[PDB]
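The structure file work_12.cif is reproduced below (mmCIF, N, CA and C atoms; chains and numbers go by the auth columns).
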data_structure
loop_
_atom_site.group_PDB
_atom_site.id
_atom_site.type_symbol
_atom_site.label_atom_id
_atom_site.label_comp_id
_atom_site.label_asym_id
_atom_site.label_seq_id
_atom_site.Cartn_x
_atom_site.Cartn_y
_atom_site.Cartn_z
_atom_site.B_iso_or_equiv
_atom_site.auth_seq_id
_atom_site.auth_asym_id
ATOM 1 N N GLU A 1 0.834 -1.226 0.000 0.00 1 A
ATOM 2 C CA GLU A 1 0.000 0.000 0.000 0.00 1 A
ATOM 3 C C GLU A 1 0.857 1.260 0.000 0.00 1 A
ATOM 4 N N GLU A 2 1.439 1.589 1.153 0.00 2 A
ATOM 5 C CA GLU A 2 2.077 2.883 1.363 0.00 2 A
ATOM 6 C C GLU A 2 2.377 3.088 2.847 0.00 2 A
ATOM 7 N N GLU A 3 1.641 2.340 3.656 0.00 3 A
ATOM 8 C CA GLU A 3 1.677 2.361 5.114 0.00 3 A
ATOM 9 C C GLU A 3 1.168 3.674 5.672 0.00 3 A
ATOM 10 N N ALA A 4 1.436 4.713 4.938 0.00 4 A
ATOM 11 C CA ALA A 4 0.984 6.055 5.263 0.00 4 A
ATOM 12 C C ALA A 4 -0.435 6.174 4.775 0.00 4 A
ATOM 13 N N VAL A 5 -0.833 5.047 4.266 0.00 5 A
ATOM 14 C CA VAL A 5 -2.095 4.790 3.677 0.00 5 A
ATOM 15 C C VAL A 5 -2.872 3.806 4.540 0.00 5 A
ATOM 16 N N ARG A 6 -2.149 2.899 5.171 0.00 6 A
ATOM 17 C CA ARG A 6 -2.734 1.811 5.900 0.00 6 A
ATOM 18 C C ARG A 6 -3.444 2.323 7.136 0.00 6 A
ATOM 19 N N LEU A 7 -2.877 3.370 7.713 0.00 7 A
ATOM 20 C CA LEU A 7 -3.436 4.075 8.826 0.00 7 A
ATOM 21 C C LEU A 7 -4.411 5.128 8.373 0.00 7 A
ATOM 22 N N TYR A 8 -4.347 5.347 7.106 0.00 8 A
ATOM 23 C CA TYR A 8 -5.217 6.257 6.417 0.00 8 A
ATOM 24 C C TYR A 8 -6.496 5.569 6.135 0.00 8 A
ATOM 25 N N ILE A 9 -6.342 4.441 5.543 0.00 9 A
ATOM 26 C CA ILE A 9 -7.370 3.529 5.354 0.00 9 A
ATOM 27 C C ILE A 9 -7.894 3.084 6.681 0.00 9 A
ATOM 28 N N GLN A 10 -7.025 3.142 7.665 0.00 10 A
ATOM 29 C CA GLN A 10 -7.316 2.845 9.006 0.00 10 A
ATOM 30 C C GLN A 10 -8.154 3.931 9.600 0.00 10 A
ATOM 31 N N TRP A 11 -7.853 5.136 9.179 0.00 11 A
ATOM 32 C CA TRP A 11 -8.680 6.267 9.503 0.00 11 A
ATOM 33 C C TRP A 11 -10.056 5.997 8.935 0.00 11 A
ATOM 34 N N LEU A 12 -10.038 5.664 7.666 0.00 12 A
ATOM 35 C CA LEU A 12 -11.192 5.250 6.917 0.00 12 A
ATOM 36 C C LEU A 12 -11.908 4.029 7.490 0.00 12 A
ATOM 37 N N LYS A 13 -11.165 3.118 8.095 0.00 13 A
ATOM 38 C CA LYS A 13 -11.764 1.967 8.758 0.00 13 A
ATOM 39 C C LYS A 13 -12.654 2.453 9.887 0.00 13 A
ATOM 40 N N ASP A 14 -12.193 3.514 10.539 0.00 14 A
ATOM 41 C CA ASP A 14 -12.946 4.191 11.567 0.00 14 A
ATOM 42 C C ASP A 14 -14.117 4.951 10.955 0.00 14 A
ATOM 43 N N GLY A 15 -13.973 5.312 9.685 0.00 15 A
ATOM 44 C CA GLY A 15 -14.972 6.115 9.018 0.00 15 A
ATOM 45 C C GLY A 15 -14.373 7.329 8.337 0.00 15 A
ATOM 46 N N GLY A 16 -13.048 7.367 8.338 0.00 16 A
ATOM 47 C CA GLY A 16 -12.265 8.515 7.932 0.00 16 A
ATOM 48 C C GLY A 16 -12.914 9.877 8.165 0.00 16 A
ATOM 49 N N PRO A 17 -13.371 10.539 7.108 0.00 17 A
ATOM 50 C CA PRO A 17 -14.020 11.849 7.201 0.00 17 A
ATOM 51 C C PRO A 17 -15.083 11.919 8.302 0.00 17 A
ATOM 52 N N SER A 18 -15.732 10.793 8.571 0.00 18 A
ATOM 53 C CA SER A 18 -16.723 10.709 9.635 0.00 18 A
ATOM 54 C C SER A 18 -16.238 9.771 10.747 0.00 18 A
ATOM 55 N N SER A 19 -14.928 9.547 10.790 0.00 19 A
ATOM 56 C CA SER A 19 -14.316 8.648 11.747 0.00 19 A
ATOM 57 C C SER A 19 -14.240 9.296 13.122 0.00 19 A
ATOM 58 N N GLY A 20 -14.201 10.620 13.120 0.00 20 A
ATOM 59 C CA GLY A 20 -13.950 11.364 14.328 0.00 20 A
ATOM 60 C C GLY A 20 -12.576 11.993 14.292 0.00 20 A
ATOM 61 N N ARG A 21 -11.676 11.366 13.542 0.00 21 A
ATOM 62 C CA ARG A 21 -10.316 11.836 13.408 0.00 21 A
ATOM 63 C C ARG A 21 -10.148 12.677 12.154 0.00 21 A
ATOM 64 N N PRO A 22 -8.952 13.250 11.992 0.00 22 A
ATOM 65 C CA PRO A 22 -8.507 13.843 10.764 0.00 22 A
ATOM 66 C C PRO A 22 -7.668 12.837 9.989 0.00 22 A
ATOM 67 N N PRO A 23 -7.457 13.064 8.702 0.00 23 A
ATOM 68 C CA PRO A 23 -6.788 12.094 7.858 0.00 23 A
ATOM 69 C C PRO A 23 -5.279 12.046 8.104 0.00 23 A
ATOM 70 N N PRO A 24 -4.723 10.830 8.103 0.00 24 A
ATOM 71 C CA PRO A 24 -3.303 10.568 8.351 0.00 24 A
ATOM 72 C C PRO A 24 -2.474 10.711 7.095 0.00 24 A
ATOM 73 N N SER A 25 -3.141 11.229 6.122 0.00 25 A
ATOM 74 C CA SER A 25 -2.569 11.527 4.823 0.00 25 A
ATOM 75 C C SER A 25 -2.870 12.971 4.442 0.00 25 A
#
Can you present the structure in this file as structure tokens?
Amino acid sequence: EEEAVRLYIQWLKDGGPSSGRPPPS
């Protein structure tokens, strides 16, 4: 992937934009 993506996608796993967090990318 990118790893800087995996936690991004991980952000996204949480819901990214609606995850509660900001994006790790």
Give me every helix (DSSP H, G or I) residue in chain A, going by DSSP on the backbone, as a PDB file with N, CA and C atoms, keeping the file's coordinate frame.
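Now in selection-v8.pdb:
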ATOM      1  N   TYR A   8      -4.347   5.347   7.106  1.00  0.00           N
ATOM      2  CA  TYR A   8      -5.217   6.257   6.417  1.00  0.00           C
ATOM      3  C   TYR A   8      -6.496   5.569   6.135  1.00  0.00           C
ATOM      4  N   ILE A   9      -6.342   4.441   5.543  1.00  0.00           N
ATOM      5  CA  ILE A   9      -7.370   3.529   5.354  1.00  0.00           C
ATOM      6  C   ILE A   9      -7.894   3.084   6.681  1.00  0.00           C
ATOM      7  N   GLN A  10      -7.025   3.142   7.665  1.00  0.00           N
ATOM      8  CA  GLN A  10      -7.316   2.845   9.006  1.00  0.00           C
ATOM      9  C   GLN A  10      -8.154   3.931   9.600  1.00  0.00           C
ATOM     10  N   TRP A  11      -7.853   5.136   9.179  1.00  0.00           N
ATOM     11  CA  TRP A  11      -8.680   6.267   9.503  1.00  0.00           C
ATOM     12  C   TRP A  11     -10.056   5.997   8.935  1.00  0.00           C
ATOM     13  N   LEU A  12     -10.038   5.664   7.666  1.00  0.00           N
ATOM     14  CA  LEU A  12     -11.192   5.250   6.917  1.00  0.00           C
ATOM     15  C   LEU A  12     -11.908   4.029   7.490  1.00  0.00           C
ATOM     16  N   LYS A  13     -11.165   3.118   8.095  1.00  0.00           N
ATOM     17  CA  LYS A  13     -11.764   1.967   8.758  1.00  0.00           C
ATOM     18  C   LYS A  13     -12.654   2.453   9.887  1.00  0.00           C
ATOM     19  N   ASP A  14     -12.193   3.514  10.539  1.00  0.00           N
ATOM     20  CA  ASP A  14     -12.946   4.191  11.567  1.00  0.00           C
ATOM     21  C   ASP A  14     -14.117   4.951  10.955  1.00  0.00           C
ATOM     22  N   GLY A  16     -13.048   7.367   8.338  1.00  0.00           N
ATOM     23  CA  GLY A  16     -12.265   8.515   7.932  1.00  0.00           C
ATOM     24  C   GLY A  16     -12.914   9.877   8.165  1.00  0.00           C
ATOM     25  N   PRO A  17     -13.371  10.539   7.108  1.00  0.00           N
ATOM     26  CA  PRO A  17     -14.020  11.849   7.201  1.00  0.00           C
ATOM     27  C   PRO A  17     -15.083  11.919   8.302  1.00  0.00           C
ATOM     28  N   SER A  18     -15.732  10.793   8.571  1.00  0.00           N
ATOM     29  CA  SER A  18     -16.723  10.709   9.635  1.00  0.00           C
ATOM     30  C   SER A  18     -16.238   9.771  10.747  1.00  0.00           C
TER      31      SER A  18
END
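Between CA of residue 20 in chain A and CA of residue 3 in chain A lies a distance of 20.3 Å.
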Selection: 8 Å around residue 22 in chain A, all atoms listed in the file, excl. self and same-chain fewer than 6 positions, as an MDAnalysis selection string: chainID A and resid 8 11:12 16
Since I can't run it myself right now, could you work out what the PyMOL selection byres ((chain A and resi 25) around 6) selects here and report it as number ranges by chain? A: 4, 8, 23-24
Kindly compute an axis-aligned box around the listed atoms of range 15-24 of chain A, allowing 8 Å on each side, and express its centre and edge lengths in Å to one decimal as AutoDock Vina command-line options.
--center_x -9.6 --center_y 9.6 --center_z 10.7 --size_x 30.2 --size_y 24.5 --size_z 23.2
